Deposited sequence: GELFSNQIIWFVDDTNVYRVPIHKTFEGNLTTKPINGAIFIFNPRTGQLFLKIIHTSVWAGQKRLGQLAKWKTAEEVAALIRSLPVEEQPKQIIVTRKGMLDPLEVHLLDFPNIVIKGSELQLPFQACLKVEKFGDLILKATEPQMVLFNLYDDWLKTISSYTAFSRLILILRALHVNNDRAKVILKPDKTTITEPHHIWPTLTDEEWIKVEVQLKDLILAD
């Protein structure tokens, strides 16, 4: 990482069907809005492609179709960017994305596509209010830009920032309530309106990061 433009692509949250049993005793099939997370680990840039439920109108094997829709949307984003902003490598968090991406990116022979064993659970972002409500309440597809490193890169490297983010996401994923406590060390801890994460000192982040690691280790 950190050397060529690299994107992580997570399709885990694209096709979302909540588990519920009706009064008649059957599983519901109604989806809710999802999203594709497309993330540059050097700069912190997130492209959030919100996927509105209308796109599923009609067809079957929607789990499988969603991998293709993800590939389509990644290709559309690439085509909308100047060549110098296009990724050289795409790393997919799930192996089901490899073939659909390969087929959708035949016009981009320069782009290397690979899988990964890295635990990078963007699904945890659905528990962060900024993202969760935006996704839920959308009435049409759209793309939203974010900076997942807030102002961190003013004082730390991309490597330190990436590690910090991964710890935050994994901790939120494994134990949301406890992670949120760890990330609010004081009553006065705040998150700026345009930031994703709390404003903490360097020293406070060291302590937070140790705690997040311990939480992940525990479960």
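- Unmodelled regions of the deposited sequence, numbered from residue 1: 1 to 2, 6.
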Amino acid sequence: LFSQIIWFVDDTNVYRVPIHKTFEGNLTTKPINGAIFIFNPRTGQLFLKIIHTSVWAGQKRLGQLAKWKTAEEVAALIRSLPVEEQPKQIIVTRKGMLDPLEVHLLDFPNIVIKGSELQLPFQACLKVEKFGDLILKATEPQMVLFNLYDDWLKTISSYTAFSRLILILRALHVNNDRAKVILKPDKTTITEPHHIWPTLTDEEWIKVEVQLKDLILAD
From here on, numbers count along this sequence of modelled residues.
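- Stretches 99 to 107 and 124 to 132 differ in mean C-alpha B factor, with the higher average recorded for 124 to 132.
- In this crystal structure, the stretch out of 29 to 37 and 187 to 195 whose C-alpha atoms carry the higher mean B factor is 187 to 195.
- Between the residues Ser54, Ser157, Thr70, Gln45, it is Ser54 that shows the highest Cα B-factor in the PDB record.
- Among all modelled residues in its chain, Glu203 ranks in the highest third by Cα B-factor.
- Among the modelled residues of the chain, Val9 sits in the lowest third by CA temperature factor in this PDB entry.
- Ranked by Cα temperature factor within the chain, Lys60 sits in the highest third according to the deposited record.
- When all modelled residues of the chain are sorted by CA temperature factor, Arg178 is found within the highest third.
- When all modelled residues of the chain are sorted by CA temperature factor, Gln89 is found within the middle third.
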